[PDB]
Amino acid sequence: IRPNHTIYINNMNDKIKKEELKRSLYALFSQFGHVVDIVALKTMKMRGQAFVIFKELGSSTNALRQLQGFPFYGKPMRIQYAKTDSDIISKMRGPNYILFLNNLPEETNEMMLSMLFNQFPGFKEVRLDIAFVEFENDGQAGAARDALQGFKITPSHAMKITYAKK
Amino acid sequence: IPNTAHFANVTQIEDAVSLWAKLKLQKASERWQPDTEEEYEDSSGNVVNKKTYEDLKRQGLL
Amino acid sequence: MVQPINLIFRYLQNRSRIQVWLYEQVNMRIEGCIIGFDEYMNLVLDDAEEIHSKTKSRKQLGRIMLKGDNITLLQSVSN
Amino acid sequence: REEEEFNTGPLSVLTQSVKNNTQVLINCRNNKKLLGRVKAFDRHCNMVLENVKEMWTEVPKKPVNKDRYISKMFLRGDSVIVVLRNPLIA
Amino acid sequence: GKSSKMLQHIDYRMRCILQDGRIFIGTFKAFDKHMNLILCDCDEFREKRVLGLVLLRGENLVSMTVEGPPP
Amino acid sequence: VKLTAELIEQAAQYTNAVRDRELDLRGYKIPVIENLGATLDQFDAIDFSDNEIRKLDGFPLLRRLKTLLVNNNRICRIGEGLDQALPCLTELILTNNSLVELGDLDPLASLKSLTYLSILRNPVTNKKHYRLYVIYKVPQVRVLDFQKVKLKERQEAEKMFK
Amino acid sequence: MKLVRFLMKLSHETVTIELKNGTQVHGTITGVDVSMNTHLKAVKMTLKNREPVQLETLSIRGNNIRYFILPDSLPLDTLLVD
Amino acid sequence: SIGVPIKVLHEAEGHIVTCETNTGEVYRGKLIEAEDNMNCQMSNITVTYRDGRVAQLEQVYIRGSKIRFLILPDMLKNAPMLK
Amino acid sequence: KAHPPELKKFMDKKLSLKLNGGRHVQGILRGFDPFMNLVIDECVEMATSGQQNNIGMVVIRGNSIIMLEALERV
RNA sequence: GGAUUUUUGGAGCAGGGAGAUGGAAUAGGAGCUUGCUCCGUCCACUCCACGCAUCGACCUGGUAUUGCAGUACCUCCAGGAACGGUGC
C-alpha cells in the first residue's frame, strides 16, 4: 500500500457517538499536523472505523507510525494507509545533494519515482536497478536520504538510498 | 508574458496566455538541453548501459 | 383531472350542505349551503351554523360571507 | 379611480382624520390602543401620526394597566387591527 | 437608489436571527428579491448544531448583523 | 515572532472538521500567547499547535472560545484566571507539554465547562495516581486522555485523598 | 401618497423601531429601500426580558417592523412634499 | 426572473439534502423536483422532524409556503456559485 | 410566472396530506390547481383518538397544506 | 406591485385541582412598625390524572459486527427517565 494523506483507523469502539469520536480523532490528529477532513460513519459497513485526511503526507505518515496500536476509548485502534485518494484532497489538488539509489524495481516509471521523491521539496533532476536522485537543497537531500533508507515501496525488494561520493 | 512582436494585435487575455504556452513549447523544444539530451555510458559495467542520462552518471560516479 | 373551481361550482349548483374548517382553529367550524363563489374563494352561506366540537353546540347566524383566507378544508355532508 | 375610491370608501374615514384634524383610536394586535391625530396615510394603511397616547395592560410575569405618550410616531398597516373614529377632539 | 446595502456585506460572516429565537451564523454568498440567504458553513445557536450550507428562506428572517471578518 | 494583531489578522481562518470556526496559528513559534483581542471572539477553536508558549495565560474574555489546541508546546504552568476569560472552554488539548507536577492542574479545576482534557505524553502523567488525582480535582471532565471516566474511577478518586 | 418615499428621505436620523416580538432597536437610519429594508449603524437592541446589546451595524426587514418612533424635531411637514 | 438561491436550489437537484419546515419537519433525501417556488418533491424520502418521528416514505412533497430552511451539501458552493 | 406545481405524477394516487392545526387526511387526488388546491375523493381524516372518519370528496387549499406524502410507488 | 409559496403578518393570551406544607435576606397592602390575621405573582416535594401516548438524542451493564468511505440517524436486550417537539 502506498502512503497517502488519508490515514484510516479501524478496530475502534463503536458504542460512542459519531460526533464525539470525530472530535476525539481530530484532537488526536491535531498533535501531528493540520487535519483537513475527518470521515467517520456508523453504518453496518463502516462500523467502528474512521479516517483522517491531512494536508501533508508526512504528518499523516507520522500519525500512522506514532499512533499505531494506540488505545482509543478502551479498544486499540489499528492505523493504516488509505486504498484510494480522498475527494477533498483530489478537489484541492486539481551528506551531498546527489543521492545514489540501489536495488530499484525496473517496472517503476519516472512518475512513481517523482511521487516517491515528492515527500522532499523540489529537486533538480532524476536519473534512471540503480538510480541517481539529485536535489537542489542539501538539507532536503539529507532528509530524503534519511527517509528513504529502508522505505516501504514495492515490498518484494528492499530499496537502499545512500549519499553520492566525489 | 514579455512584450515582443509576437504579441501584437492581440487584445484578449486568454488568447495571449494560449499563444504564450505555444511559443514556450516551441522554443523550449527547439533548444539543445544537454541534461536530458545526452548519451553517457558509465564505467559501472563499462561495456553496457549506454542509456544513462547526464544525472545518473554523476550518481554512479559519486 | 377534476378542478377545484369546477367542484365548487358543482357544489353551488347542487346546493348541498358543506362544512368548512377554519385555519389554525380545530374547535369551531362552519356549516351551510354555498350559493355563490368568487376568485378569492369567498363563500356565501345561507342559514349557516357555527359548530363547536368542544362544547357540542350549534349557533345559527344566517347569511354569512366567509373569506377564502380562513377556510382551510371543505367537506360535503349529507345533512 | 384611486382618488374616488379613497374619498368614497373606508379610506375616507382616514381622510376625515387628516383633513378636519380629528383624533382617532387604533387598536393593534399587541393589545395596545393608541389615540392620536392622523397626519399621513397611504394605500397600505401606513399611518404616520403626531401626539399619540398609547394605553395597554401588563402582567408582572394581580396585573395592572399602563399608558404612555409619544410626540410623533409611524405604524405600518399590517399591525393595525381596529381603527375607530370618534368625536374626542372637541 | 444605489441598492448597495446587501452588496457591501457579500462574502462575509453574518449572524441572522430567526422568528422562533434561533441564530444562524454563516457566510452570506448571495441574495434575491425574497431575501433568500445562503449561509455556507453556518452554525446554529439558541448549544451548537453542525449544519453547514444552510439556505434559509426570507420569511423566517427578522434581523441580521455582522459577526466577524471574512475567512 | 510574538503574537500581535497583524499576525492574527494575516492568519488563516476556516471551518474545521467539527463545523467550527478555527484559526490556524501553527508555525509561528510564539513565546507568549497575547494580543488575542483582534479576533473579537469570532473563532470557536484556537489552533496554537507547534509553538513555544510556556504559560497558558494572558488571554482576554472570549465567550465563543470552546476549543484550545496547545499540542507540541512547552506549557508548564496554567493560569488561575482561566475561568474568568473562557467560561465556555470545553476542549483543552495539552498533549506533549512541560507539565511535571500535578499542582499545575489545580488552576484547571476552575473550568466547570471543561469536559475533554488531554494530558498525554507528559511527565505529570507518569506520576503515581495521576489519573485519580485528575478525576478528583476536575469532576466536570468526562473524557481524560481519550478515555471515558467510569463510576469505579470516580469512586476510587473520591475514596483516596478525601 | 407613497410612504416609501417619505421613509427613504429620513436618512441620518436617530430613530427607533419596535418589532412584533417586543424587540426595540434604536439607531441612526442609514439605508432604506423600496421594501423598507432598514439598514442602521451603531444601533442598540433590547429584546423581551433581555439585556440591551450594541451593534456596529444592523439590517431589519420591513415585514418584521411593527412600529416606529421619530424625534419631535423631525420636519414631517417639509418631508411630506413630494 | 430567477434568483441565485433559486438557481442554487435547482442546480442541487439529485443530491442528498434536507428541508426543514416551519413546524420542524425535516424531509431528507434526494431532491428529485425543485421548482422556482421552493417546491421540493423527493423520492425515497425520510421524515426526521423536530418532533423526532423518524420514518421512511416512498415519495414526499413539501411546498415553499411552510418551508423554513434547506440544508444542502457543500459541493456546489465553489463553482459556479462564486460571484 | 404562475407556474403550476408538478402534480402530474401523483395523479390518481393514494396520498396522505397534512393540514395546519395538526390535521391528517388520506385519499386519492383527482386533479391539480395553480393555487395548490387539491381535490381528494373518498378522503379519510384521522381524529385525535386515532379513528378514521370518511368525509368523501374534499378540497384542501394551499394556504394550510404542510406536506403531502405519496403512499403508492409512482 | 395589501387576496393562498416569501414584504403590509392568523396573531394574541394562559399553564389542571387539593393539602393545619415551606421561603420574599434588602421589595405588598389593610387591621395605621415589630408579632399575628387575610387576600389577586414562583420554585421543591407529596396525592389525584409520575398530565397522557409517540419517536429522536442520551446513561449504565451484557452482547454482535474487524468491515476502505464520503453520511438526516444506525446492532440487539433490560432499567432509568435530565432534553426536544407532535395531538388531546
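The figures here come from the full heavy-atom set of this structure, side chains too, leaving out hydrogens, waters and symmetry mates. Naming convention: chains lettered A, B, ... in sequence-line order (proteins, then strands); numbering from 1 in each chain.
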WC/wobble flag for [N] and [M], Watson-Crick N1-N3 plus second contact under 3.5 Å:
{"N": "J/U7", "M": "J/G23", "answer": "no"}
{"N": "J/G84", "M": "J/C55", "answer": "yes"}
{"N": "J/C83", "M": "J/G56", "answer": "yes"}
{"N": "J/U63", "M": "J/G87", "answer": "no"}
{"N": "J/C39", "M": "J/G28", "answer": "yes"}

Same-atom distance ([atom1]) from [N] to [M], integer angstrom:
{"N": "J/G15", "M": "J/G29", "atom1": "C1'", "result": "27 Å"}
{"N": "J/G9", "M": "J/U4", "atom1": "P", "result": "11 Å"}
{"N": "J/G51", "M": "J/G80", "atom1": "P", "result": "15 Å"}
{"N": "J/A72", "M": "J/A57", "atom1": "P", "result": "14 Å"}
{"N": "J/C88", "M": "J/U60", "atom1": "P", "result": "38 Å"}
{"N": "J/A81", "M": "J/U54", "atom1": "P", "result": "15 Å"}

Just read off the sign of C1'-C2'-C3'-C4' for [N] and name the pucker, north if positive, south if negative.
{"N": "J/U26", "answer": "north"}
{"N": "J/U4", "answer": "south"}
{"N": "J/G19", "answer": "north"}

Near-parallel close bases [N] and [M] (centres under 5.5 Å, planes under 30°):
{"N": "J/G10", "M": "J/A11", "answer": "no"}
{"N": "J/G51", "M": "J/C52", "answer": "yes"}
{"N": "J/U41", "M": "J/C42", "answer": "no"}
{"N": "J/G35", "M": "J/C36", "answer": "yes"}

